[PDB]
Colleague: 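Got a structure for you, written out below as structure tokens; questions coming shortly.
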Amino acid sequence: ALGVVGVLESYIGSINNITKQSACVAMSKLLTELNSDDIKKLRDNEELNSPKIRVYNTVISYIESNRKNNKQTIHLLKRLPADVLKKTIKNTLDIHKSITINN
């Protein structure tokens with residue numbers, strides 16, 4: 001808990017009693033920080049049948065939703081079944097880590 005990354009890792013890992021609401025609020029903050037052009041660039045570094053391309057595209061779709069409306073996207077994420085939400089968070093965190101390391 002405390003800090004976007006701490007909250008999201010904790011939610012995925014089922015520690016620190018993170019509520020669904022808190023995780024989705026932190027996700028919105030992370031998506032705001034991510035740049036979809038950066039991710040499209042990472043995506044295009046991949047070979048044509050890399051499984052990563054599909055993943056990159058889902059995270060691009062989250063960023064685009066969040067950009068149009070933060071609060072609506074928080075509500076949307078909160079409606080995903082918890083297992084679906086955690087995979088969403090993991091893929092987004094993974095892309096955040098890649099960009100951070102290579103900056």
Side-chain angles (χ1 to χ4, degrees), residues 1-32 34-103:
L2 230 40
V4 175
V5 179
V7 170
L8 296 176
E9 293 286 8
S10 290
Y11 181 77
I12 289 181
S14 296
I15 57 164
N16 283 320
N17 309 112
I18 304 304
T19 64
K20 210 170 184 179
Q21 168 69 6
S22 292
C24 295
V25 165
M27 192 73 156
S28 181
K29 292 180 192 165
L30 181 59
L31 293 171
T32 290
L34 290 174
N35 186 254
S36 64
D37 280 342
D38 289 344
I39 297 183
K40 289 174 186 173
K41 285 235 277 158
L42 293 182
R43 176 196 64 191
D44 299 343
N45 286 325
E46 296 296 318
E47 295 306 291
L48 186 49
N49 208 50
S50 167
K52 288 178 74 170
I53 295 173
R54 190 184 330 165
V55 174
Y56 283 141
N57 282 340
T58 63
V59 173
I60 286 164
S61 86
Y62 312 144
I63 292 173
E64 221 280 297
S65 173
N66 187 240
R67 191 198 50 81
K68 289 170 171 170
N69 196 325
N70 290 6
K71 149 197 183 194
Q72 186 180 45
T73 302
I74 291 165
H75 291 348
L76 168 59
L77 291 175
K78 202 171 169 182
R79 286 195 303 273
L80 303 171
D83 69 280
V84 171
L85 178 61
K86 290 182 183 179
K87 252 282 286 178
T88 295
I89 293 166
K90 189 187 187 304
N91 288 334
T92 302
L93 264 174
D94 283 353
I95 274 133
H96 173 65
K97 288 160 183 174
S98 292
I99 293 172
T100 308
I101 288 169
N102 310 281
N103 265 357

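Below, each value reflects all heavy atoms present in this structure, side chains not excepted, and no hydrogens, waters or symmetry copies. All residue numbers refer to positions in the sequence shown, counting from 1.
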Colleague: Is there a donor-acceptor pair closer than 3.5 Å between any side-chain N or O of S98 and the backbone N or O of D94?
Modeller: yes
Colleague: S65 side chain to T73 main-chain N or O, any donor-acceptor pair under 3.5 Å?
Modeller: no
Colleague: Grouping I, L, V, M, F, W and Y whenever their side-chain heavy atoms are under 4.5 Å apart, do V84 and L76 come out in a common cluster?
Modeller: no
Colleague: Minimum heavy-atom separation for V4 and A26, please, with both atom names.
Modeller: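 Between these two residues, the closest heavy atoms are CG1-O, 3.5 Å.
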Colleague: How long is the straight-line distance from OG of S22 back to CD1 of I74, given to the nearest 0.5 Å?
Modeller: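 That separation rounds to 10.5 Å.
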Colleague: Going by an N to O cut-off under 4.0 Å, is there a salt bridge joining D83 and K87?
Modeller: no
Colleague: Mind checking what makes salt bridge (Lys or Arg N to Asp or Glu O under 4.0 Å) contact with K78, not counting sequence neighbours?
Modeller: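 So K78 forms no salt bridge (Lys or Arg N to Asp or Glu O under 4.0 Å) with any residue.
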Colleague: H96 and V5: side-chain contact (heavy atoms from CB on, under 4.5 Å), yes or no, with the steps?
Modeller: CA-CA 10 Å; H96 173 65; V5 179; 4.3 Å; yes
Colleague: For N49, I'd like to know if atom CG has over 12 heavy atoms of other residues, nucleotides or ligands within 6.0 Å.
Modeller: no
Colleague: Specify the closest pair of heavy atoms between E46 and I53, including all atoms of both residues, with the distance to one decimal.
Modeller: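 Reported closest heavy-atom pair: CB-CG1, 3.9 Å.
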Colleague: Check whether any side-chain heavy atom of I39 sits under 4.5 Å from a side-chain heavy atom of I99, and report yes or no.
Modeller: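 A side-chain contact exists here, since the closest heavy-atom pair is under 4.5 Å.
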Colleague: Are any of the side-chain heavy atoms of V59 and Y56 separated by less than 4.5 Å?
Modeller: no
Colleague: Look up atom CG in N66 and atom OG1 in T92, then write down how far apart they are to the nearest 0.5 Å.
Modeller: 10.0 Å
Colleague: For the atom pair CD1 (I89) and CG (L80), what is the distance rounded to the nearest 0.5 Å?
Modeller: 9.0 Å
Colleague: Pairs in or reaching into residues 53-73: which pass salt bridge (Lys or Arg N to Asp or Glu O under 4.0 Å), with residues at least two apart or in two chains?
Modeller: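 As it turns out, the salt bridge (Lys or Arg N to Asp or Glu O under 4.0 Å) pairs with a partner in residues 53-73, which skip direct neighbours, are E64-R67, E64-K68.
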Colleague: Would you call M27 and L85 a side-chain contact if the rule is heavy atoms closer than 4.5 Å?
Modeller: no
Colleague: List the atom pairs, donor and acceptor, that lie under 3.5 Å between side-chain atoms in residues 6-18 and the rest of the protein, sequence neighbours left out.
Modeller:
| unit_1 | atom_1 | unit_2 | atom_2 | d |
| --- | --- | --- | --- | --- |
| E9 | OE2 | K97 | NZ | 2.6 |
| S10 | OG | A1 | N | 3.2 |
| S10 | OG | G6 | O | 2.7 |
| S10 | OG | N16 | ND2 | 2.9 |
| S14 | OG | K86 | NZ | 3.3 |

Colleague: Counting C-beta onward and ignoring hydrogens, is there a side-chain heavy-atom pair between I60 and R43 closer than 4.5 Å?
Modeller: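 SC-SC contact between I60 and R43 confirmed.
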Colleague: First locate atom CG of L34, then atom NZ of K29, and finally report the distance between them rounded to the nearest 0.5 Å.
Modeller: 14.5 Å
Colleague: So if you build clusters from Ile, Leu, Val, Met, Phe, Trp, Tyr with side-chain heavy-atom gaps below 4.5 Å, do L30 and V25 land together?
Modeller: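 No; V25 is not reachable from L30 via cluster members.
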Colleague: How many angstroms lie between atom CG of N57 and atom NZ of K52, to the nearest 0.5 angstrom?
Modeller: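 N57 atom CG to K52 atom NZ measures 13.0 Å (nearest 0.5 Å).
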